[PDB]
Amino acid sequence: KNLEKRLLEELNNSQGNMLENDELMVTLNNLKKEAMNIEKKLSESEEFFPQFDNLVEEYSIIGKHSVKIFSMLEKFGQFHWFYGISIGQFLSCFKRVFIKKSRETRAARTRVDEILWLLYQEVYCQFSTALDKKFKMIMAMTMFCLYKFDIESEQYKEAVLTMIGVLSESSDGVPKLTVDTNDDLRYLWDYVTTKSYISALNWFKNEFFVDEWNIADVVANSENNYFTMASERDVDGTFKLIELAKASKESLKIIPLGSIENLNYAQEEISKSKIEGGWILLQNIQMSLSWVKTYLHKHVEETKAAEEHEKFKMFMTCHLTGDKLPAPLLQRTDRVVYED
């Protein structure tokens, strides 16, 4: 558009003779250069289009593999209270898989395959903290065929086919023997026979364990994510927390929630400890639903305070039989469940 401009006025004085042209060439010679340089750049600009496209296909390995995985993870919604897993958390897992693990974690094509393995690992490592062992087991039981085997269906023998009434069953004593089957592959021919004793599910041992369950490690998380301990009737979640506190060797306070004076203490000591930077165990917040109503903002408040003085770690416990804790706060906290 500046060529449009600069190549206007002296039409009024030239007729095309090179001697005339010479005074107009004070702009054109400059243009010989840059205008032709434009073309150089333009030729280069096409190459990026198909290669960028190629880059997309280069990661389709995990692309399809993992998108299928989330569509399975979503089905965990069947879990009534602790499966409140946002896909943001799903992504968080990959923040770790893709990078937040080490300097070696980036995105090489060889390692696209390796992050199928980390996809495999890290995914269940998180669901397994909120969901119980029954849900954990069935996960592995059918899903590892995807997570690390890339849809390698595997023929089930005794127990599975026992439930349906299908011909191919042997008892616990067939390991990796006559497993040589079709697309619906080998080792469940093995394991499903060992299932005469159901712990054969556990016997898969397919790298099926939560790498980072260690709740003590979990402690060092974002401060806003306060800890939620799920328990049941006759299960002292607080106990697990006092053992934690004993191990932490840090400022411990415990406030049972439920009656009015406890709310007075909640207001009180939260404001104290959210400045001091203590470690506090809270119990049975569901016994004080009105507290919860105010608490949800108190949560916001003490969260900011946690950010400010930097050590206010809260550990609310005693989810009981069916106290149906509210999703907003469950969201804002870490739902880890314990057995008795």
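For each chain, positions are counted from 1 along the sequence as written; this may not be the entry's numbering. Residues without coordinates are not shown. Any value you read here covers just the chains shown, which are one part of a larger assembly. Side-chain measures were taken over the full set of non-hydrogen atoms in the model, leaving aside hydrogen atoms and water.

Method of determination, as annotated in the archive: cryo-EM, at 7.7 Å resolution.

Asker: Summarise the nonpolar core; cite the residues concerned and give the values.
Answerer: Ranked by size, the top nonpolar core spans 40 residues in total, and within it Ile-69, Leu-73, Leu-119, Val-123, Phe-127, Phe-144 and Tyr-147 carry the most contacts. Among the elements that take part in this core, helix α7 (residues 109-130) stands out by supplying eleven residues, more than any other. Every residue pair with non-hydrogen atoms within 4.5 Å of one another is taken to be in contact. Once you skip the residues sitting within four places of it in the chain, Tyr-147 turns out to touch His-65, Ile-69, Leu-73, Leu-116, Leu-119, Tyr-120 and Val-123. One finds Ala-266, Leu-282, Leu-325 and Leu-330 within the second-largest nonpolar core, a separate group that totals 19 residues. Here, nonpolar core refers to any group of buried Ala, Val, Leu, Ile, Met, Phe, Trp, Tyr and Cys residues whose side-chain atoms link them within 4.5 Å. Relative accessibility decides the category of a residue: with a 1.4 Å probe and only protein chains considered, values under 20% of the type maximum give buried, values over 50% give exposed, and everything between is partly exposed. Secondary structure elements follow DSSP: runs of H or I no shorter than four residues count as helices, runs of E no shorter than two count as strands, and numbering proceeds from the N terminus.

Asker: Any details on the side chain of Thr-228? Residues and values, ideally.
Answerer: By the element assignment, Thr-228 lies in strand β1 (residues 226-230). Given the relative accessible area of 5%, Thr-228 is considered buried. For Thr-228, the side chain forms a polar contact with the side chain of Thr-333, separated by 2.7 Å. For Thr-228, the contacting residues outside a window of four places in its chain are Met-316, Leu-330, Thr-333, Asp-334, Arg-335 and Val-336. Whenever two N or O atoms come within 3.5 Å, that pair is a polar contact, provided that in protein one can donate a hydrogen and the other can accept it, and provided that, for residues adjacent in sequence, both atoms are side-chain atoms.

Asker: Can you lay out the packing of aromatic side chains for me, pointing to particular residues and giving the numbers?
Answerer: Classification of ring pairs rests on two measures: the distance between centres of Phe, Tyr or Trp rings, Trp counted by its six-membered ring, which must be within 6.5 Å, and the angle between planes, read as stacked under 30 degrees, edge-to-face over 60 and tilted in between. The tally for this structure, following the rule as stated, stands at 21 aromatic pairs. A ring pair is formed by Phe-76 and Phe-127, whose centres lie 5.3 Å apart and whose planes are at 90°; its orientation type is edge-to-face. Taken as a pair, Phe-76 in the loop between α5 (60-73) and α6 (87-98) and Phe-127 in helix α7 lie far apart in primary sequence, 51 residues in all. We classify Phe-76 as buried; its relative accessible area is 14%.

Asker: I'd like to hear about the pattern of salt bridges, residue by residue, with values.
Answerer: Salt bridge, as used here: a side-chain nitrogen of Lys or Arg that lies within 4 Å of a carboxyl oxygen of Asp or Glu. Applying the stated criterion to the full structure yields 15 salt bridges. For the salt bridge of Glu-104 with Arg-103, the shortest nitrogen-to-oxygen distance reads 3.2 Å. With a relative accessible area of 52%, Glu-104 lands in the exposed category. Two residues, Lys-134 and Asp-132, come together in a salt bridge whose shortest N-O distance is 2.6 Å. For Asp-132, a relative accessible area of 14% translates into the label buried.

Asker: Describe a nonpolar patch on the surface, and please don't skip the residues or the numbers.
Answerer: Side chains of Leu-3, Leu-7, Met-25 and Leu-28 sit close together on the surface and give an oily, nonpolar patch of about 330 Å² of accessible area. Secondary-structure assignment places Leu-7 in the loop between α1 (2-6) and α2 (18-21). Exposure above 30% relative accessible area and no salt bridge define the residues that can form patches, which grow by joining like charges within 9 Å and nonpolar side chains of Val, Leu, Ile, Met, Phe, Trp and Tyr within 5 Å. Accessible areas in this description were obtained via Shrake-Rupley with a 1.4 Å probe; residue shielding takes into account the shown protein chains only.

Asker: Tell me what's going on with the sheet that holds strand β3 (residues 279-283), and back it up with residues and numbers.
Answerer: Here five strands make up an open sheet; going across it, the order is β2-β3-β4-β1-β5 and the pairing parallel. Unpaired on one side and paired on the other, β2 (252-256) and β5 (333-337) mark the two borders of the sheet. Sheet twist, expressed as the average angle between the axes of neighbouring strands with direction ignored, equals 20°. As judged from the three bridges shared by β1 and strand β4 (residues 313-319), these two strands associate in the parallel manner. Between any two strands, pairing holds if DSSP finds at least two bridges. Here, axes are lines fitted to C-alpha atoms. For helices the fit covers the stretch in contact, and angles between N-to-C directions go from 0 to 180 degrees.

Asker: Talk me through the packing of α5 against α7; I want residue IDs and the actual numbers.
Answerer: One can describe the packing of α5 onto α7 by two numbers: an axis separation of 9 Å at closest approach and a directional angle of 10°. Considered as vectors, α5 and α7 are oriented roughly parallel to each other. Here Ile-61, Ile-62, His-65, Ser-66, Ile-69 and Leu-73 of α5 come into contact with α7, specifically with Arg-109, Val-112, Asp-113, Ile-115, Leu-116, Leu-119, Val-123 and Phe-127. Here the contact of α5 with α7 is built from residues that sort into ten nonpolar, two polar and two charged. An angle counts as roughly parallel when it lies under 35 degrees, as roughly antiparallel when it exceeds 145, as roughly perpendicular when it falls between 65 and 115, and as oblique in every other case. Residues are grouped as follows: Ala, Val, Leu, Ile, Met, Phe, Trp, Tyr, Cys and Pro are nonpolar; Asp, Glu, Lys and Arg are charged; all remaining types, including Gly, are polar.

Asker: Now, about the pairing of β5: what can you tell me, with residues and values included?
Answerer: Across the five residues of β5, four count as buried, placing the element largely inside the fold. With five bridges connecting them, β1 and β5 associate as parallel partners. Bridged to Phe-227 within β5 is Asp-334.

Asker: Any details on helix α12 (residues 237-248)? Residues and values, ideally.
Answerer: Since the α-helix advances by 3.6 residues per turn, residues separated by three or four positions end up pointing in the same direction. With twelve residues, α12 ought to run about 16 Å at 1.5 Å a step, and its terminal C-alpha atoms sit 17 Å apart, in line with that. Those residues of α12 that sit buried are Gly-237, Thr-238, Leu-241 and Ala-245. The buried residues of α12 all sit within an arc of 90° when viewed along its axis, so they share a single face. Opposite the buried face of α12, by more than 90 degrees, sit the exposed residues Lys-246 and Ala-247. Buried residues along α12 sit in contact with β1, β2, β3 and β4. Positive phi shows up at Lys-249, right after α12, with a value of about 60°. The span expected for a helix works out to 1.5 Å for each residue beyond the first. Here, the arc refers to the directions that run from the helix axis to the C-beta atoms.

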